[PDB]
>>> print(open('work28.txt').read())   # compact mmCIF, C-alpha atoms
# COMPACT_ATOMS: atom_id res chain seq x y z
CA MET A 35 -7.97 0.63 -14.86
CA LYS A 36 -4.26 -0.31 -14.34
CA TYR A 37 -3.25 -3.57 -12.58
CA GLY A 38 -0.12 -4.21 -10.47
CA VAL A 39 1.45 -6.41 -7.74
CA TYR A 40 3.54 -5.73 -4.57
CA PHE A 41 7.11 -7.16 -5.07
CA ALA A 42 6.72 -8.70 -1.54
CA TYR A 43 4.52 -11.50 -3.10
CA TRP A 44 7.85 -13.27 -4.00
CA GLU A 45 10.09 -12.10 -1.03
CA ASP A 46 10.80 -12.73 2.72
CA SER A 47 12.13 -9.15 3.54
CA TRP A 48 11.15 -5.51 2.61
CA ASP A 49 14.74 -4.24 1.88
CA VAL A 50 15.78 -6.13 -1.35
CA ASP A 51 16.66 -5.24 -5.00
CA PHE A 52 13.59 -4.27 -7.15
CA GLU A 53 15.11 -4.24 -10.72
CA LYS A 54 14.25 -7.95 -11.38
CA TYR A 55 10.52 -7.26 -10.61
CA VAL A 56 10.18 -4.51 -13.34
CA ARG A 57 10.95 -7.05 -16.18
CA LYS A 58 8.88 -9.82 -14.43
CA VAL A 59 5.74 -7.61 -14.01
CA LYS A 60 5.90 -6.54 -17.73
CA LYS A 61 6.38 -10.26 -18.74
CA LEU A 62 3.19 -11.10 -16.69
CA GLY A 63 1.14 -8.33 -18.48
CA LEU A 64 0.87 -6.04 -15.39
CA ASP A 65 0.93 -2.17 -15.60
CA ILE A 66 2.30 -1.40 -12.07
CA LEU A 67 5.07 -2.60 -9.71
CA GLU A 68 4.68 -1.55 -6.04
CA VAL A 69 8.06 -1.47 -4.17
CA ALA A 70 8.79 -0.91 -0.44
CA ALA A 71 9.69 2.75 0.38
CA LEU A 72 12.10 1.19 2.97
CA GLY A 73 14.16 -0.29 0.06
CA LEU A 74 14.33 3.16 -1.71
CA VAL A 75 15.16 5.65 1.09
CA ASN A 76 18.91 4.70 1.41
CA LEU A 77 19.27 3.13 -2.12
CA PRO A 78 22.27 4.76 -3.92
CA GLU A 79 21.33 7.47 -6.51
CA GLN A 80 22.88 5.17 -9.21
CA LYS A 81 20.28 2.45 -8.35
CA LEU A 82 17.29 4.89 -7.97
CA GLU A 83 18.06 6.18 -11.53
CA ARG A 84 18.55 2.57 -12.89
CA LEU A 85 15.09 1.68 -11.45
CA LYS A 86 13.52 4.79 -13.11
CA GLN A 87 15.19 3.88 -16.47
CA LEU A 88 14.06 0.18 -16.28
CA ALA A 89 10.43 1.33 -15.62
CA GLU A 90 10.60 3.73 -18.63
CA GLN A 91 12.22 1.02 -20.86
CA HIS A 92 9.46 -1.56 -19.95
CA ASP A 93 6.63 1.08 -19.64
CA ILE A 94 5.88 0.03 -15.99
CA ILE A 95 4.34 2.48 -13.45
CA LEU A 96 6.24 2.28 -10.10
CA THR A 97 4.34 2.91 -6.79
CA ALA A 98 5.70 2.81 -3.17
CA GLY A 99 4.28 1.08 -0.04
CA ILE A 100 5.19 2.08 3.57
CA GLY A 101 4.47 1.18 7.19
CA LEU A 102 6.25 3.74 9.43
CA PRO A 103 7.91 2.14 12.52
CA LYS A 104 7.39 3.45 16.13
CA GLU A 105 10.52 5.73 15.84
CA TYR A 106 8.86 7.55 12.84
CA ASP A 107 5.28 7.74 14.30
CA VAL A 108 3.96 11.01 12.69
CA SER A 109 0.86 10.60 14.99
CA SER A 110 3.00 10.55 18.24
CA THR A 111 2.23 13.01 21.10
CA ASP A 112 6.07 13.01 21.52
CA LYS A 113 7.24 16.00 19.34
CA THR A 114 10.76 14.47 18.80
CA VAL A 115 9.21 11.21 17.38
CA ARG A 116 6.66 13.21 15.26
CA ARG A 117 9.42 15.41 13.71
CA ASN A 118 11.75 12.36 13.19
CA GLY A 119 8.87 10.64 11.27
CA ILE A 120 8.16 13.76 9.10
CA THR A 121 11.92 14.05 8.24
CA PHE A 122 12.08 10.31 7.38
CA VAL A 123 8.99 10.58 5.04
CA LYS A 124 10.50 13.72 3.32
CA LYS A 125 13.68 11.59 2.78
CA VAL A 126 11.45 8.76 1.34
CA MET A 127 9.85 11.33 -1.07
CA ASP A 128 13.34 12.65 -2.12
CA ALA A 129 14.24 9.03 -3.14
CA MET A 130 10.76 8.47 -4.78
CA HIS A 131 11.40 11.57 -7.00
CA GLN A 132 14.77 10.16 -8.26
CA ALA A 133 13.15 6.74 -9.05
CA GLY A 134 10.22 8.52 -10.85
CA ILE A 135 7.62 7.33 -8.25
CA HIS A 136 4.63 9.64 -7.51
CA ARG A 137 2.34 7.57 -5.18
CA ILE A 138 3.06 6.47 -1.58
CA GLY A 139 0.43 4.31 0.22
CA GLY A 140 0.08 2.46 3.55
CA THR A 141 0.51 3.66 7.17
CA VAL A 142 2.22 6.98 6.19
CA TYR A 143 0.05 8.88 8.78
CA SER A 144 0.92 6.89 11.98
CA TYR A 145 3.01 3.74 12.79
CA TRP A 146 2.56 0.05 11.85
CA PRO A 147 2.16 -2.57 13.16
CA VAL A 148 0.47 -0.94 16.23
CA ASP A 149 1.69 -2.22 19.66
CA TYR A 150 -1.41 -2.52 21.95
CA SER A 151 0.67 -3.65 25.04
CA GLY A 152 1.03 0.08 25.95
CA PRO A 153 -1.82 2.66 26.08
CA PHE A 154 -2.79 5.14 23.29
CA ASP A 155 -5.02 8.24 22.78
CA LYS A 156 -7.02 7.96 19.49
CA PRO A 157 -8.32 11.61 19.48
CA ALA A 158 -4.82 13.13 20.18
CA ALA A 159 -3.08 10.71 17.71
CA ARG A 160 -5.67 11.73 15.03
CA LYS A 161 -5.11 15.56 15.15
CA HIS A 162 -1.26 15.05 15.18
CA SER A 163 -1.72 12.63 12.19
CA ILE A 164 -3.79 15.24 10.19
CA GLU A 165 -1.21 18.08 10.84
CA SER A 166 1.71 15.69 9.95
CA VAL A 167 -0.12 14.57 6.73
CA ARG A 168 -0.95 18.22 5.69
CA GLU A 169 2.80 19.13 6.06
CA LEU A 170 3.89 15.99 4.11
CA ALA A 171 1.17 16.74 1.46
CA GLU A 172 2.73 20.24 1.08
CA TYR A 173 6.33 18.86 0.77
CA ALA A 174 4.98 16.22 -1.72
CA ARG A 175 3.68 18.98 -4.13
CA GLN A 176 7.22 19.80 -5.44
CA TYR A 177 7.45 16.10 -6.65
CA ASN A 178 3.76 15.77 -7.79
CA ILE A 179 3.56 13.03 -5.07
CA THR A 180 0.17 11.70 -3.77
CA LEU A 181 -0.24 10.15 -0.28
CA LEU A 182 -2.66 7.16 -0.11
CA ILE A 183 -4.16 6.82 3.41
CA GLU A 184 -4.65 3.04 3.94
CA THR A 185 -7.78 1.89 5.87
CA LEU A 186 -6.54 -0.99 8.15
CA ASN A 187 -8.20 -3.70 10.31
CA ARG A 188 -8.39 -3.04 14.13
CA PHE A 189 -5.48 -5.48 14.86
CA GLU A 190 -2.87 -3.46 12.85
CA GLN A 191 -4.07 0.17 13.60
CA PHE A 192 -6.69 2.14 15.68
CA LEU A 193 -7.10 5.41 13.65
CA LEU A 194 -8.88 4.44 10.36
CA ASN A 195 -10.55 0.98 10.53
CA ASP A 196 -13.41 1.53 7.98
CA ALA A 197 -14.15 3.59 4.81
CA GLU A 198 -16.30 6.00 6.92
CA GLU A 199 -13.35 7.01 9.23
CA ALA A 200 -10.88 7.11 6.24
CA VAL A 201 -13.22 9.36 4.13
CA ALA A 202 -13.88 11.68 7.16
CA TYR A 203 -10.08 11.80 7.89
CA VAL A 204 -9.14 12.62 4.21
CA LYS A 205 -11.96 15.26 3.87
CA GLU A 206 -10.53 17.00 7.01
CA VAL A 207 -6.88 16.82 5.68
CA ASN A 208 -8.48 18.66 2.67
CA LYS A 209 -5.52 18.24 0.20
CA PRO A 210 -5.94 17.26 -3.49
CA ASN A 211 -2.78 14.98 -3.29
CA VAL A 212 -4.17 13.03 -0.22
CA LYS A 213 -6.60 10.17 -1.15
CA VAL A 214 -8.10 7.02 0.53
CA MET A 215 -6.60 3.57 -0.20
CA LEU A 216 -9.03 0.63 0.38
CA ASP A 217 -7.84 -3.01 0.71
CA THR A 218 -10.10 -6.11 0.30
CA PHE A 219 -8.17 -7.84 3.19
CA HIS A 220 -8.95 -4.95 5.64
CA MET A 221 -12.50 -4.18 4.31
CA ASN A 222 -13.32 -7.92 4.68
CA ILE A 223 -12.80 -7.60 8.51
CA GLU A 224 -14.28 -4.10 9.26
CA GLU A 225 -17.05 -3.35 6.63
CA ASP A 226 -20.74 -4.51 6.69
CA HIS A 227 -20.45 -4.95 2.85
CA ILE A 228 -17.24 -4.56 0.71
CA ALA A 229 -18.93 -3.26 -2.53
CA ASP A 230 -20.91 -0.63 -0.46
CA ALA A 231 -17.63 0.62 1.21
CA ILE A 232 -16.08 1.17 -2.30
CA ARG A 233 -19.31 2.96 -3.49
CA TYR A 234 -19.26 5.16 -0.32
CA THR A 235 -15.55 6.12 -0.84
CA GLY A 236 -16.21 7.07 -4.54
CA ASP A 237 -14.07 10.07 -5.72
CA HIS A 238 -11.86 9.70 -2.55
CA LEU A 239 -10.60 6.24 -3.73
CA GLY A 240 -6.94 6.77 -4.84
CA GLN A 241 -5.90 3.05 -4.96
CA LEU A 242 -7.41 -0.45 -4.34
CA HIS A 243 -5.25 -3.29 -2.86
CA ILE A 244 -6.76 -6.75 -3.64
CA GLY A 245 -6.32 -10.29 -2.27
CA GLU A 246 -8.43 -13.05 -0.66
CA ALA A 247 -9.56 -12.90 3.02
CA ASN A 248 -6.34 -14.86 3.97
CA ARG A 249 -4.18 -12.84 1.41
CA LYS A 250 -4.01 -15.59 -1.28
CA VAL A 251 -4.16 -14.38 -4.95
CA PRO A 252 -7.70 -13.43 -6.12
CA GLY A 253 -9.62 -16.59 -7.24
CA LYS A 254 -8.33 -18.87 -4.40
CA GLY A 255 -11.01 -17.68 -1.87
CA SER A 256 -14.61 -16.37 -1.43
CA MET A 257 -14.10 -12.57 -1.88
CA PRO A 258 -17.16 -11.21 -3.81
CA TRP A 259 -15.07 -10.27 -6.92
CA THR A 260 -18.12 -9.61 -9.23
CA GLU A 261 -19.71 -7.21 -6.62
CA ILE A 262 -16.31 -5.43 -6.19
CA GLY A 263 -16.06 -5.22 -10.04
CA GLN A 264 -19.62 -3.73 -10.16
CA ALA A 265 -18.91 -1.22 -7.29
CA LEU A 266 -15.77 0.00 -9.19
CA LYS A 267 -17.92 0.49 -12.36
CA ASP A 268 -20.56 2.31 -10.17
CA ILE A 269 -17.90 4.95 -9.14
CA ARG A 270 -16.31 4.85 -12.68
CA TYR A 271 -12.92 3.98 -11.04
CA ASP A 272 -10.22 4.34 -13.75
CA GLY A 273 -7.41 4.13 -11.12
CA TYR A 274 -4.81 1.57 -9.92
CA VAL A 275 -5.66 -2.00 -8.72
CA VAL A 276 -2.61 -3.59 -6.97
CA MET A 277 -2.61 -7.29 -5.97
CA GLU A 278 -1.07 -7.72 -2.49
CA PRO A 279 -0.86 -11.49 -1.92
CA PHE A 280 1.16 -12.86 1.07
CA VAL A 281 1.51 -16.71 1.05
CA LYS A 282 5.09 -17.10 2.53
CA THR A 283 5.76 -17.81 6.28
CA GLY A 284 9.13 -17.53 8.15
CA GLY A 285 10.69 -14.22 6.94
CA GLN A 286 10.54 -10.55 8.15
CA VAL A 287 7.51 -10.19 5.74
CA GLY A 288 5.86 -13.36 7.20
CA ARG A 289 6.40 -11.98 10.77
CA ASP A 290 5.04 -8.42 10.03
CA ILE A 291 2.04 -9.93 8.07
CA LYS A 292 1.67 -12.48 10.98
CA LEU A 293 1.48 -15.55 8.64
CA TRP A 294 2.36 -18.64 10.83
CA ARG A 295 1.77 -21.39 8.20
CA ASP A 296 2.70 -21.75 4.48
CA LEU A 297 -0.24 -20.86 2.11
CA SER A 298 1.86 -21.31 -1.13
CA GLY A 299 2.26 -25.14 -0.97
CA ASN A 300 6.01 -24.27 -0.98
CA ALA A 301 5.49 -22.58 -4.42
CA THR A 302 8.68 -21.74 -6.40
CA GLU A 303 9.14 -18.23 -7.94
CA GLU A 304 7.99 -19.76 -11.31
CA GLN A 305 4.84 -21.37 -9.72
CA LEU A 306 3.98 -17.98 -8.02
CA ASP A 307 4.41 -16.28 -11.49
CA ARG A 308 1.93 -18.70 -13.20
CA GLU A 309 -0.67 -18.43 -10.35
CA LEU A 310 -0.43 -14.57 -10.45
CA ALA A 311 -0.92 -14.63 -14.31
CA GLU A 312 -4.08 -16.83 -13.83
CA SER A 313 -5.25 -14.55 -10.91
CA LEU A 314 -4.91 -11.41 -13.14
CA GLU A 315 -6.97 -13.05 -15.99
CA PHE A 316 -9.62 -14.02 -13.31
CA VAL A 317 -9.77 -10.47 -11.78
CA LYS A 318 -10.05 -8.72 -15.22
CA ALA A 319 -12.90 -11.14 -16.21
CA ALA A 320 -14.55 -10.48 -12.77
CA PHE A 321 -14.17 -6.66 -13.35
CA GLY A 322 -15.30 -6.84 -17.08
>>> encode(input="work28.txt", output="structure tokens")
Amino acid sequence: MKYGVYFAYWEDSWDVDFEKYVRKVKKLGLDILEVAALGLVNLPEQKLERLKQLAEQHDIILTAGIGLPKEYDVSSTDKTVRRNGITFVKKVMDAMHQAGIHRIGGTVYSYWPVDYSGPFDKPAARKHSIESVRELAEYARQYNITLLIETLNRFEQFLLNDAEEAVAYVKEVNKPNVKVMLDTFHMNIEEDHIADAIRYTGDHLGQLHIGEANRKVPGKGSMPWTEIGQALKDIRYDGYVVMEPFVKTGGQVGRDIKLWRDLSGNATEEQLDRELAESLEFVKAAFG
């Protein structure tokens, strides 16, 4: 298994420089850095190449996270919006290729965060989503890119809220480079039992995001880490485990995560480094 962290752990916005995090993640003994697709898509070619070279130099695997905004809703019944979203994701994949990034995960199949103030049509959004994802899966092939379909809690999305819906959705898409991404934060809200959801997903599981129920670093909460560790052994998961802790309130990241109090005790960059190092040791012990 390979362990990583989302750069956003340390930041207040999605669109920042990533180069610093490649060295840092290697220093901390991690295998993977996950960066925001948003911070790649208009990055100059010079900087996409520099990022690729830094990852090679440090032997770090780079992955990309995305939440498509309303304007790029690939699940929209509005054809103009749908096509705008597809074009935007193709552009994201063009940039991914130059940075040497092969995996894109998150809400790449609809928009995030969902706005429930207006009405929606789950059935119609779903079939548009599947056709959009098949087309993006086909475009991805030329770059050996894999799409990771994130299962989200009801408050952030309406399409895929549990492992059952996500597995059914991905089976129907029926593409080898389209897999399910599970997330302890989201599973904690929607599943009867977190370990059983992982077991159910089995061969469909392309990536696991991990954090506590309130998105603190593993070890600070009551997530059943040993059971999760056992479930991953049960499906012989040899894939990527990416820590996705959010403990900072006030920024664009704070607002989109909806964190309205500090959970870091005003932790400095250095303090967040040490806690993540301890968290990683804890998770690896918990996973054997």
>>> atom_distance(input="work28.txt", atom1="atom CA of residue 47 of chain A", atom2="atom CA of residue 110 of chain A")
26.2 Å
>>> residues_around(input="work28.txt", residues="residue 291 of chain A", least_positions_apart="3", cutoff="12 Å", atoms="all atoms listed in the file", output="list in words")
residues 42, 43, 46, 47, 48, 101, 146, 147, 189, 190, 219, 248, 249, 278, 279, 280, 281, 282, 283, 284, 285, 286, 287, 288, 294 and 295 of chain A
>>> residues_near_point(input="work28.txt", point="(-11.4, 0.9, 10.0)", cutoff="7 Å", atoms="only C-alpha atoms", output="list in words")
residues 185, 186, 187, 188, 194, 195, 196, 197, 199 and 224 of chain A
>>> atom_distance(input="work28.txt", atom1="atom CA of residue 97 of chain A", atom2="atom CA of residue 52 of chain A")
11.7 Å
>>> atom_distance(input="work28.txt", atom1="atom CA of residue 123 of chain A", atom2="atom CA of residue 140 of chain A")
12.1 Å
>>> residues_around(input="work28.txt", residues="segment 232-243 of chain A", least_positions_apart="2", cutoff="8 Å", atoms="only C-alpha atoms", output="short mmCIF file (atom, residue, chain, number, x, y, z; two decimals) with C-alpha atoms, keeping the file's coordinate frame")
data_model
loop_
_atom_site.label_atom_id
_atom_site.label_comp_id
_atom_site.auth_asym_id
_atom_site.auth_seq_id
_atom_site.Cartn_x
_atom_site.Cartn_y
_atom_site.Cartn_z
CA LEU A 182 -2.66 7.16 -0.11
CA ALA A 197 -14.15 3.59 4.81
CA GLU A 198 -16.30 6.00 6.92
CA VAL A 201 -13.22 9.36 4.13
CA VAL A 204 -9.14 12.62 4.21
CA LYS A 213 -6.60 10.17 -1.15
CA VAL A 214 -8.10 7.02 0.53
CA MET A 215 -6.60 3.57 -0.20
CA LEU A 216 -9.03 0.63 0.38
CA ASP A 217 -7.84 -3.01 0.71
CA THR A 218 -10.10 -6.11 0.30
CA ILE A 228 -17.24 -4.56 0.71
CA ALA A 229 -18.93 -3.26 -2.53
CA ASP A 230 -20.91 -0.63 -0.46
CA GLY A 245 -6.32 -10.29 -2.27
CA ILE A 262 -16.31 -5.43 -6.19
CA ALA A 265 -18.91 -1.22 -7.29
CA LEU A 266 -15.77 0.00 -9.19
CA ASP A 268 -20.56 2.31 -10.17
CA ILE A 269 -17.90 4.95 -9.14
CA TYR A 271 -12.92 3.98 -11.04
CA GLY A 273 -7.41 4.13 -11.12
CA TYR A 274 -4.81 1.57 -9.92
CA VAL A 275 -5.66 -2.00 -8.72
CA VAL A 276 -2.61 -3.59 -6.97
CA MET A 277 -2.61 -7.29 -5.97
CA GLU A 278 -1.07 -7.72 -2.49
#
>>> closest_residue(input="work28.txt", among="A:70, A:145, A:76, A:160", to="residue 104 of chain A", atoms="only C-alpha atoms")
A:145
>>> residues_near_point(input="work28.txt", point="(-4.7, 14.9, -6.3)", cutoff="9 Å", atoms="only C-alpha atoms", output="PyMOL selection string")
chain A and resi 178-181+209-213+240
>>> decode(input="work28.txt", residues="segment 125-218 of chain A", atoms="C-alpha atoms", output="compact mmCIF listing (two decimals), in the first residue's frame")
# COMPACT_ATOMS: atom_id res chain seq x y z
CA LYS A 125 -8.05 20.56 -20.32
CA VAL A 126 -7.36 19.29 -16.70
CA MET A 127 -6.16 15.91 -18.18
CA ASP A 128 -3.90 17.75 -20.75
CA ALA A 129 -2.19 19.52 -17.76
CA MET A 130 -2.11 16.24 -15.68
CA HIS A 131 -0.20 14.54 -18.58
CA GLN A 132 2.51 17.30 -18.61
CA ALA A 133 2.94 17.04 -14.76
CA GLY A 134 3.12 13.18 -15.01
CA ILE A 135 -0.17 12.68 -13.07
CA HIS A 136 -2.36 9.65 -13.98
CA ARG A 137 -5.18 9.63 -11.33
CA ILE A 138 -8.00 12.20 -10.92
CA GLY A 139 -10.47 11.72 -8.01
CA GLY A 140 -13.41 13.62 -6.45
CA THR A 141 -16.63 15.02 -8.00
CA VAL A 142 -15.40 14.64 -11.64
CA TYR A 143 -18.86 13.22 -12.67
CA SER A 144 -21.15 16.10 -11.48
CA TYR A 145 -20.65 19.42 -9.56
CA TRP A 146 -19.57 20.15 -5.95
CA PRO A 147 -20.61 21.46 -3.51
CA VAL A 148 -24.28 20.74 -4.53
CA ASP A 149 -26.71 23.72 -4.14
CA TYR A 150 -30.04 22.31 -2.77
CA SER A 151 -31.82 25.77 -2.85
CA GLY A 152 -32.91 24.93 -6.46
CA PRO A 153 -34.52 21.64 -7.62
CA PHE A 154 -32.69 18.65 -9.25
CA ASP A 155 -33.53 15.37 -11.08
CA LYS A 156 -31.37 12.47 -9.74
CA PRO A 157 -32.32 9.92 -12.51
CA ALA A 158 -31.66 12.43 -15.40
CA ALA A 159 -28.42 13.77 -13.74
CA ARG A 160 -27.22 10.11 -13.37
CA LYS A 161 -27.52 9.06 -17.09
CA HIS A 162 -25.88 12.39 -18.22
CA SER A 163 -23.11 11.72 -15.60
CA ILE A 164 -22.47 8.13 -16.95
CA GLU A 165 -22.29 9.34 -20.65
CA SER A 166 -20.00 12.29 -19.62
CA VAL A 167 -17.74 9.89 -17.59
CA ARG A 168 -17.57 7.29 -20.48
CA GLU A 169 -16.43 10.10 -22.89
CA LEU A 170 -13.86 11.43 -20.34
CA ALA A 171 -12.70 7.79 -19.68
CA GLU A 172 -12.10 7.46 -23.47
CA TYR A 173 -10.16 10.80 -23.69
CA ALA A 174 -8.17 9.72 -20.54
CA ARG A 175 -6.87 6.52 -22.32
CA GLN A 176 -4.29 8.49 -24.42
CA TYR A 177 -2.69 9.66 -21.07
CA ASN A 178 -3.17 6.33 -19.15
CA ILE A 179 -5.39 8.44 -16.80
CA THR A 180 -7.83 6.80 -14.29
CA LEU A 181 -10.97 8.59 -12.98
CA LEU A 182 -11.80 7.93 -9.29
CA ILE A 183 -15.56 8.36 -8.63
CA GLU A 184 -15.81 9.73 -5.04
CA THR A 185 -18.74 8.50 -2.86
CA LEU A 186 -19.93 11.64 -0.94
CA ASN A 187 -22.27 12.33 2.04
CA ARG A 188 -25.86 13.54 1.21
CA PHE A 189 -25.03 17.20 2.16
CA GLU A 190 -22.35 17.63 -0.59
CA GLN A 191 -23.94 15.50 -3.44
CA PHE A 192 -27.13 13.47 -4.30
CA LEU A 193 -25.85 10.94 -6.94
CA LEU A 194 -23.53 8.50 -5.07
CA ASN A 195 -23.98 8.63 -1.24
CA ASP A 196 -22.95 5.00 -0.35
CA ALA A 197 -20.65 2.21 -1.67
CA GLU A 198 -23.72 0.40 -3.13
CA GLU A 199 -24.68 3.36 -5.44
CA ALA A 200 -20.96 4.03 -6.33
CA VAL A 201 -20.29 0.32 -7.23
CA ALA A 202 -23.57 0.14 -9.30
CA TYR A 203 -22.64 3.47 -11.04
CA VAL A 204 -19.03 2.32 -11.88
CA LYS A 205 -20.21 -1.17 -13.08
CA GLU A 206 -22.63 0.61 -15.50
CA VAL A 207 -19.88 3.07 -16.75
CA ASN A 208 -18.05 -0.25 -17.51
CA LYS A 209 -14.54 1.24 -18.16
CA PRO A 210 -11.28 -0.27 -16.81
CA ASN A 211 -9.88 3.29 -16.07
CA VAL A 212 -13.00 4.28 -13.97
CA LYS A 213 -12.86 3.08 -10.29
CA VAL A 214 -14.64 3.87 -6.95
CA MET A 215 -12.96 6.17 -4.38
CA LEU A 216 -14.17 5.66 -0.76
CA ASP A 217 -13.55 8.24 2.01
CA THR A 218 -13.78 7.51 5.80
